[PDB]
Structure formats: C-alpha cells, structure tokens
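*Asks:* Chains as they are written, first to last, in this note's numbering: chain P, 137 to 404; chain B, 28 to 309. Even for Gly, the Cβ is constructed at its ideal location relative to N, Cα and C.
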Amino acid sequence: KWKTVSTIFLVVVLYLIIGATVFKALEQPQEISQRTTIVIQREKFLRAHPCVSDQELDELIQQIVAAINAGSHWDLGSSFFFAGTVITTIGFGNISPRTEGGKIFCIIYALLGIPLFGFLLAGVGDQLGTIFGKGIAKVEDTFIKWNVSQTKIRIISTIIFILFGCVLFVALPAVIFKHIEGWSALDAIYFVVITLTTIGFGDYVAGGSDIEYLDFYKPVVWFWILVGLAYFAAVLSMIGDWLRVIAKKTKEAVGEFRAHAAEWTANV
Amino acid sequence: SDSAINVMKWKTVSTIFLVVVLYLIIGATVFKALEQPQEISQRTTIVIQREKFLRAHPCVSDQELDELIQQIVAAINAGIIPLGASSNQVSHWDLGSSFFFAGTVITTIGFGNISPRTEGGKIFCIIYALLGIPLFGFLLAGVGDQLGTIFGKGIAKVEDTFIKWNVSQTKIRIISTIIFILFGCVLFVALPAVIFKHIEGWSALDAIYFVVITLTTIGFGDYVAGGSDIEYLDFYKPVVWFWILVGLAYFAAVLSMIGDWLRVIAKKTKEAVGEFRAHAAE
Ligand SMILES: CCCCCCCCCCCCC/C=C/[C@@H](O)[C@H](CO)NC(=O)CCCCCCCCCCCCCCC
Ligand SMILES: CCCCCCCCCCCCC/C=C/[C@@H](O)[C@H](CO)NC(=O)CCCCCCCCCCCCCCC
Ligand SMILES: *CCC(=O)Nc1ccc(C(=O)NCc2ccc(Cl)cc2Cl)cc1
Ligand SMILES: *CCC(=O)Nc1ccc(C(=O)NCc2ccc(Cl)cc2Cl)cc1
Ligand SMILES: CCCCCCCCCCCCCCCC
Ligand SMILES: CCCCCCCCCCCC
Ligand SMILES: CCCCCCCCCC
Ligand SMILES: CCCCCCCCCC
Ligand SMILES: CCCCCCCC
Ligand SMILES: CCCCCCCC
Ligand SMILES: [K+]
Ligand SMILES: [K+]
Ligand SMILES: [K+]
Ligand SMILES: [K+]
Ligand SMILES: [K+]
Ligand SMILES: [K+]
C-alpha cells in the first residue's frame, strides 16, 4: 500500500552526495596539477619553436581537438568488438557510430540484441551455477559431518564462491591483462570491475592499444566477458541481499534505540 | 531428473550462443559497411591537413608534431580547452559533475567523459560500484513498481471505455501493451529528445540516439546531457535526473517485453521449421 521507495530514494541521494564529495576530494588536486603543468607546456613548446605563432598553434590545436571523434576503427575485429560492447551494454565508447545510418542501426541493434544477449547470459549463469552446485556438494560433504553449524556452512560456501570466483574471474585475468596490456595491477583490477559491472568507462580497453596481440587473446577475453558478466551478476545480486539483511538489522537497531529512549524517560 | 533436464538446458543455451555469435557477425558486417568509408575519408583528409601544416613550417622539428598531438590526445582524456585564447575553464570535479559521475557509476551507464585518474579514485570507484549498483537497483525496482501501479490504474478505466459490441478479456491486453509502448515513448524519449535538441543543440536523431544509448545503460559517452559548457538553466539537470530514473525503469520494462517477443518468435519459428520439414514438398 505504502511506498518505502521514498526512503531508499533519499538514501540513494545521500549515497550520491557522499560519493561526489569523496570523488572531488580524491580527483580535483591531480586535475589542477595536470592543468597547470599543461599550461606550462603550451608556451614551453611555443617558445622552443619560434616559427609557430601564438595563433597558428591554436589552429593546430583546434583541428587536433576536432580529431577527437576519429583519432582502423572499423575492421571486422573492431566492429565485432563494438557490437559486443552494444549488446552487453558495457559501451566502452572508444568506438562509436558517426554516420546517422550507423546510429539508427545501433538503436535497432541494441533494442534487439540486449534481450537476446540477456537470454545467453542467463543460460551461461545457470550452467555455471549447476557446476558450482556439484562443486559445493562435495566439499559440503567432506566438511559436513563434523558438528559444524548448518546456517553458517552457507556463509562458508559463499566465502568459497566469492574467493574462487574472484581468483578465476578477477585475479588471473587481471595479472594476464597487466602482462599483456602493460596496465598496472590496480588498473587491471579497475578494468575488470568496470567492465564486468557493465559500467564501461572506456578509459581502459583490453584490445585498444596497438601493442600487437597474441591472436589467442581477443577470443579468450570474449569468453571471459561472457562468463564474468554472469559471475558479476551473481555477486551484485548477493551484495543486494546483504544490503536488505543489513537494512532490516539497522531498522531493528533504530527500533531498539528509540525503545531504550522511550521508557528510559518514563523512569521518573 | 536432476541431470536429464540439464542436457536440454545446455542444448538450448548452446544454440542461443551460436545465434548470438551470428548476430554479432551480422552486426559487425553492417557496422563496418556503414562506418569505414567516412572513416578513411576523414583520415586521408586529416593527413591532407597534417602535411599542409608540414608544408608550411619546415623549421618545426616536424616529427615532434606527432608527439605534440600525442600529448594533446593525452590531455583531452582529462578534458581541456588547451589554447592561449581562454586559459580559463570549469573543472571536471566540481560537486555537480562529481555527482553526475557517481550517478553514471551506480546506474552503470558509465558515459566515461569523466573518469577517475587517481589511484584512490579508482579504488573508491570499485567499492562505490560494488555497493551502489545493488542499492540503485532497489531504488529502480521501487520506481518501476510505482510506475506500474499508476499505469495499471490508468489502463483500468480504458479497459471499460472500450467495452462495446464484440470485446475481449485476454486480447484487450494488446491495446494495453500498445498504450504502454506509445505513451511511454512519448513521455520518456520523444519530448525529452526535443528538449535535448533545443537545449543541447543536438540533432533530432542525435537526441533520440542519446536517449536510447543512455536508457539502455550502454552509455558510449559520445553525447552527454550536461557535457557542453553552456548556460543550463538548472531547471534542467534535476529534471534530467528524474527522467533518467523513470526512463531507466521504463526501458527495463521495454527490454523485458522485447525479450518476451523474442521468446515467442523463437518458439513459433522452431515449430514452423518442424512443420516445414514435416511437409518438405508433399
Ligand atoms: C561508501 C559510501 C558511504 C556509504 C554511506 C551510507 C551511510 C548510511 C548509513 C545508514 C543510515 C541511513 C539512514 C536511515 C537508516 C534507517 O533508519 C533505515 C531504516 O530505518 N535504514 C535503511 O533503510 C537501509 C539502508 C542501509 C544502507 C547502508 C549502506 C551500506 C554502507 C556500507 C559502508 C559501511 C562502512 C562501515 C564503516 C563506516
Ligand atoms: C519497441 C518500442 C521501442 C521504440 C523506441 C523508439 C521509438 C521511435 C519514435 C521516434 C519517432 C520520432 C519522429 C521523427 C523522427 C525523425 O525526425 C528522425 C530523423 O530526424 N527519424 C528517426 O529517428 C528514426 C527512428 C527509428 C526508430 C527505430 C524503430 C525500430 C523498432 C524495432 C523494435 C523491435 C521490434 C522487433 C520485432 C521482431
Ligand atoms: C578497433 C580499435 C579497438 O579498440 N579494437 C578492439 C578493442 C577490443 C577488442 C576485444 O575483443 N576486446 C576484448 C573484448 C571483447 C568483447 C567485449 Cl564486449 C569487450 C572486450 Cl574488451 C577488439 C578490438
Ligand atoms: C562537469 C563536466 C560534466 O560533464 N558535467 C555534467 C554532465 C552531466 C550532468 C547531469 O546531471 N546530466 C544529467 C544526468 C544525471 C545523472 C546521470 Cl547518471 C546522467 C546524466 Cl546525463 C551534470 C554535470
Ligand atoms: C538483424 C539481425 C539478424 C540476425 C537474425 C538471423 C535470423 C536467424 C533465423 C534462425 C536461424 C536459426 C534457426 C534454427 C531453428 C532450428
Ligand atoms: C532458440 C532459437 C532462436 C532463433 C530465433 C531468433 C530470431 C531473431 C529475429 C530477429 C529479427 C530481426
Ligand atoms: C541512412 C539510413 C541507413 C539505414 C541503414 C539500415 C540498415 C538495415 C539493415 C537490416
Ligand atoms: C569453467 C572454467 C572457466 C575458466 C575461465 C578462464 C578465464 C580466462 C582468463 C582470461
Ligand atoms: C577492496 C578492493 C581493493 C583493491 C586493492 C588493489 C591493490 C593492488
Ligand atoms: C515525467 C516527465 C519527464 C520529462 C523529462 C524531460 C527532461 C529532458
Ligand atoms: K559505458
Ligand atoms: K550497463
Ligand atoms: K544491468
Ligand atoms: K569518452
Ligand atoms: K555501460
Ligand atoms: K563510455
């Protein structure tokens, strides 16, 4: 009958405000640092090359920033990657359609492929879940006849799910990404989380740089994208369940606190 | 029982996998066909300009022009207006733009025009995503449920206005799906698209493109509703916030309905091919 939606809306607004403050705190300093150390560069390149005017260099900069949309972008490999970024809704954006017909086809392609890929991803997740059900069935039998509790064997099994999944789907792909892309470890894990959450900023792409790949590589990361999107769907849903549980525990904690203030003053 | 169903399940998922591969191949072919020509045109017409700059400044070290463009492309990923005429700008990380960024994280739209460069920014972004995505999921579920109850009451009366001669119970459902589609596409894509065109200066197709790319959470970032430096009446960005919330709910509904359409067409086509081979010329 009632909402409950208003309080979670307010919680989301609060979460966004806290996040915005923290992000500003962590990111504005390096931004102003790079801004002043590039206004150093604009006039240290110009005085080191007197033949460039102060206004012809700006013609150069204007056309280079005009080249923001191009720099092939559209070999069958890169367009296959793009189609993947569309139907997965990752949408890195490093590749994007510029002609109107490309955008119209992109609209149709998204509206049809997102549900179809949803079916594929659901099936992949179900098959992984049954494989993992048998896998937990055996270690839930070795460790099961010792008196250990039953409603905590499930939390030990979630511990094992999280750990094994994050080593197979986050850890070793991250180390491979660092050894192949040249990314840092933190940058690799960042890429993993941002792509498998379907956020997909595009500041890092697993086949973007020119660095020449082993050709065994893009298909394997395709497979990793498929299986990791499923794993991360599971992880995000279980975090949601964590949230609803802690939500009711906090609801009862506020109930208890106000109930201990209630008749604590009836103590007259 | 426990296993005899799983063979069937792995069969259907394998054929869905092959269908997805085929869809990706077709899409890639069409996209290459539609986008590579203008790309090579612009590339040769940018090297025309590159050596028009080169056939005008030999005193320039002439190979450092490309390291200069390297540093310019490195500087633009952390947005900049790098010209002497105007050394004054507005920052990527005011609380407004950082609020927008946090939204792009928890919605998983991820436009990317703004993204964390600091190590701590990336670690906090990881934590922020892993916690906010489910939370925003709950919010969006509530928004969708309330929208659905408003629309249920709205259709309840038009489910009687139409009770003339010859009327159905389970086939009036198609007029209700038609009304959902049309009214939703008027409120959540159409008029927001025209607003986006008149305020952002985007084309009509660019506005609708932005709408579709944003509410599906693809979020390329090639168009952003608050990106350009312009005025923005502030009566604008909060209403676009609200539009994002309710339109994400609406588009989740639309995508689920398209999925149902696909499931129906899939089973009708398999039974149709069964029927075909069962005939197979007399
Ligand atoms: C990382 C960014 C910072 C996160 C900011 C979260 C601050 C919010 C802390 C709880 C206070 C919410 C206000 C209302 C609380 C209750 O009246 C209400 C039900 O009565 N709770 C909920 O609805 C259920 C809402 C429960 C949502 C809790 C979100 C989980 C945060 C995880 C971070 C914990 C770090 C612990 C060390 C600080
Ligand atoms: C299912 C409902 C989703 C519909 C969401 C999009 C609704 C489109 C309504 C916008 C109409 C605006 C009127 C003016 C349009 C022109 O100024 C504009 C050129 O400037 N044309 C287009 O944008 C051309 C736009 C072309 C629209 C693409 C239509 C593709 C529908 C495919 C649906 C999947 C059906 C699958 C059945 C097997
Ligand atoms: C064409 C220029 C470019 O960026 N090409 C490019 C980038 C990435 C790939 C690729 O296959 N990456 C692995 C992958 C596969 C699917 C998805 Cl949705 C995402 C990724 Cl990162 C290929 C070509
Ligand atoms: C600071 C530079 C910049 O890009 N600023 C910017 C862009 C967009 C907004 C904004 O509020 N857009 C509406 C909106 C709200 C939430 C989301 Cl998740 C996405 C959008 Cl487009 C504000 C500031
Ligand atoms: C624009 C997207 C084109 C992709 C659509 C391909 C059509 C495929 C028709 C069915 C192919 C598999 C049928 C097998 C049924 C037993
Ligand atoms: C499980 C088999 C499904 C095959 C049917 C898919 C049909 C897609 C139609 C796309 C029309 C543009
Ligand atoms: C300018 C309009 C281009 C539209 C291209 C649509 C391609 C349809 C392929 C099925
Ligand atoms: C079922 C075993 C899945 C193994 C996944 C390997 C991922 C490759 C890392 C790039
Ligand atoms: C909770 C995520 C922390 C990631 C730390 C990575 C350090 C290389
Ligand atoms: C319910 C009306 C939403 C209007 C959103 C328009 C903002 C661009
Ligand atoms: K994105
Ligand atoms: K997404
Ligand atoms: K999603
Ligand atoms: K971008
Ligand atoms: K995205
Ligand atoms: K992006």
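(1) Determine the burial state of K139 (chain P): buried for a count of at least 16 other Cβ atoms within 10 Å of its Cβ, exposed for fewer.
(2) Within the structure, which residues are defined as neighbours of ligand 14 by a Cβ-heavy atom distance below 7 Å, reported in chain order?
(3) Since I believe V329 (chain P) is in contact with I153 (chain B) (beta carbons under 8 Å), could you give me their beta-carbon distance rounded to a whole number of angstroms?
(4) Do you know offhand how far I202 (chain B)'s Cα is from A293 (chain B)'s?
(5) Tell me whether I240 (chain B) counts as near ligand 10, meaning its Cβ is closer than 8 Å to at least one heavy atom of that ligand.
(6) Among B:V267, B:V47 and B:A308, which has the Cα closest to the Cα of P219 (chain B)?
(7) Taking any Cβ of chain P, which residues in the region 148 to 174 of chain B have a Cβ under 8 Å from it, in chain order?
(8) Of all the residues that make up the region 222 to 236 of chain P, which are near chain B by a beta-carbon distance shorter than 8 Å?
(9) Once you ignore the five residues that flank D323 (chain P) on each side, which residues in its own chain have a CB closer than 7 Å to its CB?
(10) List, from N- to C-terminal side, the alpha helix (DSSP H) runs of 4 residues or more that fit wholly inside the region 116 to 194 of chain B.
(11) Measure the beta-carbon distance from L275 (chain B) to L242 (chain B) and round it to whole angstroms, keeping in mind my assumption that it falls under 8 Å.
(12) With DSSP collapsed to three states, give me the class of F352 (chain P).
(13) Given that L218 (chain B) touches chain P, what residues does it touch there, using C-beta distances under 8 Å?
(14) Name the chain B residues that come within less than 8 Å of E163 (chain P), Cβ to Cβ?
(15) Closer than 8 Å, Cβ to Cβ, to anything on chain B: give me those residues from the region 330 to 352 of chain P, in chain order.
(16) Could you spell out the range, first to last residue, of the alpha helix (DSSP H) harbouring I43 (chain B)?
(17) Exposed or buried, which one is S142 (chain B) when buried takes at least 16 other CB atoms within 10 Å?
(18) My output table needs one value for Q196 (chain B): the three-state DSSP class, helix, strand or coil.
(19) For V132 (chain B), collect the residues of the same chain with a Cβ closer than 7 Å to its Cβ; drop the 5 residues on either side in sequence, then sort them by chain order.
(20) The alpha helix (DSSP H) that contains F337 (chain P), what's its start and end?
(21) Identify the contact partners of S114 (chain B) in chain P, using a Cβ-Cβ distance below 8 Å as the criterion.
(22) Just how far apart, CA to CA, sit residue 111 (chain P) and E236 (chain P)?
(23) Using a Cβ-Cβ distance cut-off of 9 Å, determine whether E227 (chain B) contacts chain P.
(24) State the CB to CB distance for the pair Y263 (chain B) and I226 (chain B), rounded to an integer number of angstroms; the pair is presumed to be in contact (CB under 8 Å).
(25) Tell me the rounded alpha-carbon separation between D277 (chain P) and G391 (chain P).
(26) With distances taken from each beta carbon to the nearest heavy atom of ligand 9, which residues come in below 7 Å, in chain order?
(27) Got a list of residues with beta-carbon closer than 5 Å to any non-hydrogen atom of ligand 11, in chain order?
(28) Does ligand 13 have even one heavy atom less than 8 Å from the beta-carbon of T334 (chain P)?
(29) Between B:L122, B:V34, B:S113 and B:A60, which has its C-alpha nearest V149 (chain P)'s C-alpha?
(30) Anything in chain P within Cβ reach of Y236 (chain B), meaning under 7 Å, just list it in chain order.
(31) Excluding five sequence neighbours on each side, which residues of the same chain lie with their C-beta closer than 8 Å to the C-beta of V216 (chain B)?
(32) If the cut is a Cβ gap below 7 Å, which residues of chain B does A156 (chain P) touch?
(33) Taking 9 Å as the cut-off, decide whether the C-beta atoms of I153 (chain P) and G169 (chain B) are in contact.
(34) Under 7 Å Cβ to Cβ from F223 (chain B), same chain only, skipping five residues before and after it: list those, please.
(35) Reducing DSSP to helix, strand and coil, say where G364 (chain P) ends up.
(36) Which residues mark the beginning and the end of the alpha helix (DSSP H) in which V221 (chain B) is found?
*Replies:* The relevant details are as follows:
(1) Indexing the first sequence from 1 puts residue 139 (chain P) at position 3. Using a 10 angstroms sphere on the CB of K139 (chain P), the tally of other CB atoms stays under 16, which defines it as exposed.
(2) Residues flagged by the Cβ proximity filter: P:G229, P:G338, B:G139, B:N140 and B:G248.
(3) Here residue 153 (chain B) refers to the residue found at position 126 when the second sequence is read from its first residue. Here residue 329 (chain P) refers to the residue found at position 193 when the first sequence is read from its first residue. Separation of the CB atoms of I153 (chain B) and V329 (chain P) is rounded to 5 Å, and the pair is thereby assigned contact status at 8 Å.
(4) Translated into the one-based positions of the second sequence, residue 202 (chain B) becomes position 175. Translated into the one-based positions of the second sequence, residue 293 (chain B) becomes position 266. One C-alpha to the other measures close to 23 Å.
(5) Position 213 of the second sequence, counted from the start, is the residue given in the question as residue 240 (chain B). No; taking the cut-off as 8 Å, the Cβ of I240 (chain B) has no heavy atom of ligand 10 nearer than that.
(6) Indexing the second sequence from 1 puts residue 219 (chain B) at position 192. Taking only the C-alpha atoms, the option nearest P219 (chain B) is B:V267.
(7) Residues of the region 148 to 174 of chain B with a C-beta less than 8 Å from any C-beta of chain P: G148, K149, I150, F151, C152, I153, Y155, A156, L157, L158, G159, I160, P161, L162, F163, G164, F165, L166, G169, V170, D172 and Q173, listed in chain order.
(8) Correct list: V222, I223, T225, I226, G227, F228, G229, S232, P233, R234, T235 and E236.
(9) Along the first sequence, one-based indexing puts residue 323 (chain P) at 187. Non-local C-beta neighbours of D323 (chain P) in its own chain, meaning closer than 7 Å and more than five positions away in sequence, comprise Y340, ordered along the chain.
(10) List check, alpha helix (DSSP H) in window: 122 to 133 and 146 to 188.
(11) Position 248 of the second sequence, counting from 1, holds the residue named residue 275 (chain B). Position 215 of the second sequence, counting from 1, holds the residue named residue 242 (chain B). Yes, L275 (chain B) and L242 (chain B) are in contact; Cβ-Cβ is about 6 Å, under 8 Å.
(12) Looking up residue 352 (chain P) in the first sequence gives position 216. Coil.
(13) Taking the first residue of the second sequence as position 1, residue 218 (chain B) is located at position 191. Contact of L218 (chain B) with chain P by beta-carbon distance below 8 Å is absent, the smallest such distance being about 18 Å.
(14) Taking the first residue of the first sequence as 1, we reach residue 163 (chain P) at position 27. Chain B residues near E163 (chain P): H119, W120, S125, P143, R144, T145 and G148.
(15) Listed by position along the chain: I330, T333, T334, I335, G336, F337, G338 and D339.
(16) Stepping through the second sequence from its first residue, residue 43 (chain B) is reached at position 16. Unbroken alpha helix (DSSP H) run through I43 (chain B): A31 to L81.
(17) Locating residue 142 (chain B) in the second sequence gives position 115, counting from the first residue. Residue burial annotation: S142 (chain B) is buried, with at least 16 other C-beta atoms found within 10 angstroms of its C-beta.
(18) As a working mapping, residue 196 (chain B) is identified with position 169 in the second sequence. Here DSSP, grouped into helix, strand and coil, assigns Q196 (chain B) to coil.
(19) Residue numbering aside, residue 132 (chain B) sits at position 105 when the second sequence is read from its first letter. These residues qualify, in order along the chain: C152, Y155, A156 and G159.
(20) Here residue 337 (chain P) corresponds to residue number 201 of the first sequence, with the count starting at 1. Annotation: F337 (chain P) is outside any alpha helix (DSSP H) and is labelled neither H nor E by DSSP.
(21) The sequence position of residue 114 (chain B) within the second sequence is 87, counting from 1. Within chain P, the residues whose beta carbon sits less than 8 Å from that of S114 (chain B) are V175, listed in sequence order.
(22) Residue 111 (chain P) lies beyond the range of chain P shown here (137 to 404); nothing can be said about it.
(23) Locating residue 227 (chain B) in the second sequence gives position 200, counting from the first residue. Judged by the 9 Å Cβ criterion, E227 (chain B) is not in contact with chain P.
(24) Mapped onto the second sequence, residue 263 (chain B) falls at position 236. Mapped onto the second sequence, residue 226 (chain B) falls at position 199. The C-beta separation of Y263 (chain B) from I226 (chain B) comes to about 6 Å, placing the pair in contact by the 8 Å criterion.
(25) Here residue 277 (chain P) refers to the residue found at position 141 of the first sequence. Here residue 391 (chain P) refers to the residue found at position 255 of the first sequence. Looking at the backbone, the Cα of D277 (chain P) and that of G391 (chain P) are separated by about 40 Å.
(26) Around ligand 9, the residues selected by a Cβ distance under 7 Å to any of its heavy atoms are P:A321, P:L322, P:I325, B:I150, B:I153 and B:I154, following chain order.
(27) Those residues, listed in chain order, are P:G227, P:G336, B:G137 and B:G246.
(28) For this step, residue 334 (chain P) is matched to residue 198 along the first sequence. Within the cutoff, so yes.
(29) Along the first sequence, one-based indexing puts residue 149 (chain P) at 13. Minimum Cα distance to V149 (chain P) is reached at B:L122.
(30) Counted from its first residue, the second sequence places residue 236 (chain B) at position 209. Going along chain P in sequence order, the residues near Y236 (chain B) (Cβ under 7 Å) are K239 and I243.
(31) Translated into positions along the second sequence, residue 216 (chain B) becomes position 189. Excluding residues within five positions, the ones whose Cβ falls inside 8 Å are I235, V238, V239, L242 and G274.
(32) Against the first sequence, residue 156 (chain P) aligns to sequence position 20. At a beta-carbon threshold of 7 Å, the residues of chain B lying near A156 (chain P) are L122, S125, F126 and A129, ordered along the chain.
(33) Start at 1 with the first residue of the first sequence, and residue 153 (chain P) comes out as number 17. Start at 1 with the first residue of the second sequence, and residue 169 (chain B) comes out as number 142. No, the Cβ-Cβ distance between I153 (chain P) and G169 (chain B) is not below 9 Å.
(34) As a working note, residue 223 (chain B) is residue 196 in the second sequence. When the five nearest sequence neighbours on each side are left out, the beta carbons in the same chain lying within less than 7 Å of the beta carbon of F223 (chain B) are those of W229, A234, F237 and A252, in order along the chain.
(35) The count along the first sequence starts at 1 and reaches residue 364 (chain P) at position 228. Note: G364 (chain P) maps to helix in three-state DSSP.
(36) The residue given as residue 221 (chain B) occupies position 194 in the second sequence. Counted as a single uninterrupted DSSP element, the alpha helix (DSSP H) harbouring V221 (chain B) occupies residues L218 to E227.
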